[PDB]
J.: 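Before anything else, here's the structure in question.
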Amino acid sequence: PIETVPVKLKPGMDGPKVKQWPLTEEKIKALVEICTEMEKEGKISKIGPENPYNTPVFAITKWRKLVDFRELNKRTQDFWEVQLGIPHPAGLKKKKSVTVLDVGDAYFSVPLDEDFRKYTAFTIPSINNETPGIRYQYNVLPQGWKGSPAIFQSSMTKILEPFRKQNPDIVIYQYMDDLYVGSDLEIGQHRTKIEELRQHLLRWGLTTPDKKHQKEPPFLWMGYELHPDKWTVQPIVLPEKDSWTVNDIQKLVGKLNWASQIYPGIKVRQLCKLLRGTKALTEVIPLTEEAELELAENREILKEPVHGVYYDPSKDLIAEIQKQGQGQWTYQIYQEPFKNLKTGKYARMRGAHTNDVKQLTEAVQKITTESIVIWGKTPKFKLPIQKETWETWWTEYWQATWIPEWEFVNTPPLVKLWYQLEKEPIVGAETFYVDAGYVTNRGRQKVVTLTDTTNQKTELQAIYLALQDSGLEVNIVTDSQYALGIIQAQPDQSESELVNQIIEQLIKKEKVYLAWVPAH
Amino acid sequence: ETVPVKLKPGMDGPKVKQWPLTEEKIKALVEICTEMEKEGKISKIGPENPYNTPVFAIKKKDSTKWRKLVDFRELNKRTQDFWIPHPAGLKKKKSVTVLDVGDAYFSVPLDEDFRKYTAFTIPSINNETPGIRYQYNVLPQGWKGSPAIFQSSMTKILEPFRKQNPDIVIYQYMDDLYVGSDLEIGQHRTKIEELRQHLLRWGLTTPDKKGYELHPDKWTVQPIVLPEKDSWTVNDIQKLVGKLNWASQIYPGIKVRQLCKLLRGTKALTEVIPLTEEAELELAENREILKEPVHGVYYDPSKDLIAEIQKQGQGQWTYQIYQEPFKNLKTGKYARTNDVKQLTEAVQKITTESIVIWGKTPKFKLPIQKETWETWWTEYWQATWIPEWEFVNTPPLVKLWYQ
Ligand SMILES: O=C1Nc2ccc(Cl)cc2[C@@](C#CC2CC2)(C(F)(F)F)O1
């Protein structure tokens with residue numbers, strides 16, 4: 001039927017010459033039957049002992065022929081990656097009706113590069129010992145071989161190609177041995193095209209199940225539950241118990257996460273806290289009062305089904321973003337007011353310290369990136385930030401950045417800049433020279449020496465001290481380019497406590513001028 | 001008719017991940033490629049071909065058509081070297097116009113055993129389809145081998161116009177053609193257009209680009225500067241001493257002893273300090289030392305060209321082209337649109353200058369997050385080449401010492 005895909009071994013390498021394991025006469029028997037039916041169908045063919053190559057085989061009444069091609073595969077060229085990523089459901093279009101077609105005898109319908117067959121040679125032992133065994137070789141795509149998946153996919157799409165142009169209404173997504181066919185056709189006309197397809201495939205030896213022997217919606221797929229006009233995630237059930245093991249908690253969190261893409265409100269902050277210090281996947285962690293509350297809240301949220309709507313090219317994509325806790329963002333992408341195509345969370349803490357502006361901006365990128373991936377275009381953004389505030393940070397920051405069309409949305413908590421460094425020294429404000437203590441222009445000083453502290457950490461401490469003892473307005477002079485940079489980036493949150501302490505001071509001051517000067 | 005090109009010994013073909021594209025661009029590439037296929041420039045390929053090079057679609061400024069841009073960067077680094085030396089005269093021309101002689105490669109076939117390596121893919125939205133894959137049959141635009149292999153036919157196809165009016169210095173870098181001269185702005189665009197027809201009578205319709213001209217003759221370096229303050233506060237001086245101290249790394253002649261003295265004890269920042277004859281003279285010297293680039297900075301062709309860029313805010317940027325730290329071969333600036341649009345315009349601007357001056361593109365160090373650059377750079381980029389680049393987090397210290 002189809003033209004063959006030329007194949008070659010990896011360079012330098014030669015075909016496999018691996019020993020055929022001993023086989024029971026019952027195994028020998030079952031195999032000769034299976035192998036004679038396959039020679040009757042042409043899948044394989046008998047060859048003479050001139051072929052020095054060989055792949056091991058075995059059998060696993062119920063009998064089946066399993067050929068071990070791992071060795072050959074080690075020697076077989078690399079092929080173009082069989083379908084890398086898979087379409088997120090939020091990116092599919094709404095269909096009136098859809099039919100999934102399972103393709104049987106898939107690989108058993110595509111010839112094999114003649115020039116390559118010899119390399120797939122294998123041998124089944126003859127019952128009588130005096131006599132030699134039978135040597136065959138595949139003429140089709142051998143289940144288990146390296147290129148089969150890719151060579152098959154290729155062919156398929158080459159086969160669907162025509163039918164497709166003759167049916168511009170119908171949408172077909174190919175996935176492994178499945179064939180998802182959808183349309184906006186009336187129930188009757190749909191089942192007809194489907195049968196058309198089924199024959200267009202049969203025409204090349206491709207066999208699929210008929211109308212009664214076909215799976216019907218919703219299609220549970222790759223962790224989702226797909227309807228023709230809507231989707232959702234596979235049903236999620238939060239176990240009930242009083243003894244949670246570290247492993248238990250991890251799986252719970254994992255599940256909880258897979259849900260955020262549709263269920264808004266899911267939180268894991270507290271359940272994740274339970275993993276601190278854990279010493280074995282089988283260690284038991286009692287649920288804190290906050291964790292119990294979280295679980296309960298998620299149970300409830302999960303209790304009532306939610307569902308994602310499909311992409312409607314006609315309309316615009318809107319992405320809305322909110323802050324739901326320090327370093328915690330939530331967003332949703334819709335086209336029609338509140339009809340969510342998809343939702344999600346972002347907690348990515350990029351860098352040791354940041355602020356809501358940098359973070360928020362980083363969320364736009366992720367969202368933007370996945371939007372282009374799922375829909376091919378970027379969504380208009382509705383952000384809890386004012387354009388003035390963004391631009392303030394914009395120009396200040398030494399790093400370039402861009403945010404597509406977006407409109408401010410007055411939905412607390414609005415993201416802001418809790419403090420800003422005066423660009424010029426303050427007249428009349430005391431001056432603190434810091435190097436682990438400090439000296440002011442007003443004669444004041446305090447040299448403290450702390451136990452257990454990094455050099456980098458000793459600096460911030462001094463600056464900290466300085467802030468603590470200073471009035472509402474203060475000028476600070478450090479030789480630490482580090483702390484300078486840190487504070488200069490105007491963080492509002494830090495993993496370090498010191499920082500946070502300092503940030504507290506900054507927010508409190510009326511005016512702070514930070515200056516750097518080389519040491520020594 | 002094909003010339004046997006190979007890869008550097010032992011190297012395999014590129015397998016570069018294709019960055020997600022927008023439906024707008026993809027469609028553009030579909031039309032484009034469906035036509036290159038129709039013309040046998042490219043051909044659909046099968047699964048036995050595991051290679052890949054990223055492809056993109058950029059627009060031609062003041063032109064309605066889209067352009068397929070292929071990131072052969074990975075490939076070009078793995079392609080066998082080929083054994084005209086860069087003209088030190090071009091940089092000295094009054095005006096250089098840049099042309100897109102890319103369509104010229106479209107005739108020369110590509111050695112069939114090398115074709116597989118030029119494989120690329122047109123992604124599909126949401127992976128709802130496997131995505132269209134092709135390879136080239138003719139010399140591809142952007143591939144290092146193309147200009148080389150076509151070196152010959154070019155020399156010939158240019159030999160007449162070359163010696164006809166040799167008062168012009170023509171130069172080829174990849175798909176581009178840099179045409180320099182000293183004609184008057186009018187007499188230039190004239191003989192400039194003529195070359196365009198002389199080439200039409202040989203291969204492509206060849207459109208110029210950036211349609212404007214460069215004026216290398218006027219490219220001036222940006223020396224380190226110092227605040228010309230009327231009165232000097234303790235702060236002013238500190239920023240001064242500091243900047244100086246940093247610039248001493250490059251100019252050993254610089255001194256601050258007298259300036260540092262003006263900063264005795266624990267003085268209040270805003271305290272205005274009057275400058276002392278001694279120091280005042282020391283400053284003027286330093287200032288005088290900075291009036292020009294540090295001596296002994298020669299371009300070593302065996303080394304790569306690095307280009308760092310900084311954001312000074314206000315839509316203004318500073319850059320430095322060098323090979324060895326503190327030994328910059330050049331510096332300048334760019335002014336304003338948004339942050340990304342500006343950076344690309346700069347990168348491209350700096351690369352063009354680099355090509356004219358050294359006939360080589362530099363390795364950039366961009367102050368941006370990869371994912372952001374990857375997302376928008378193709379939005380304003382219009383050059384036919386793509387420099388190598390990296391992503392850094394510049395210290396607001398070095399940014400406080402330029403411009
Ligand atoms: O674009 C659409 N619309 C759609 C709507 C409902 C369902 Cl259940 C399936 C689809 C579909 C698909 C698919 C595979 C990914 C699952 C189909 F191709 F139509 F089959 O892609």
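Just so it is clear, the values below take in all heavy atoms, side chains as well, and ignore hydrogens, waters and symmetry mates. Ligands are counted one by one from 1 in listed order, and the atoms in each one are counted from 1 as well. Quick note on labels: first sequence line is chain A, next is B, and so on, each numbered from 1.
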J.: For the rings on A/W145 and A/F116, is their centre-to-centre separation under 6.0 Å?
T.: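 When the ring centroids of A/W145 and A/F116 are compared, they turn out to be within the sub-6.0 Å range.
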J.: Pairwise, report which nitrogen or oxygen atoms of ligand 1 are under 3.5 angstrom from protein nitrogen or oxygen atoms, and how far apart they are.
T.:
unit_1	atom_1	unit_2	atom_2	d
ligand 1	1 (O)	A/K93	N	3.2
ligand 1	3 (N)	A/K93	O	2.8

J.: Ring-plane angle category for A/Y173 and A/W221, please: parallel below 30°, perpendicular beyond 60°, tilted otherwise.
T.: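 Perpendicular.
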J.: Donor-acceptor pairs under 3.5 angstrom involving side-chain atoms of residues 31-39 of chain B: please list them, not counting sequence neighbours.
T.:
unit_1	atom_1	unit_2	atom_2	d
B/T34	OG1	B/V30	O	2.8
B/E37	OE1	B/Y134	OH	3.3
B/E39	OE1	B/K41	NZ	2.7

J.: Using the ring of each side chain (for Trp, its six-membered ring), is A/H200 parallel, tilted or perpendicular to A/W204, with breaks at 30° and 60°?
T.: perpendicular
J.: How long is the straight-line distance from CD of A/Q214 back to CG of A/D102, given to the nearest 0.5 Å?
T.: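 Nearest 0.5 Å value for the CG-CD distance: 10.0 Å.
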J.: Honestly, is B/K68 close enough over B/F120, meaning NZ or CZ under 6.0 Å from the six-membered ring centre and within 45° of the axis?
T.: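 The answer is yes; both the distance and angle limits are met.
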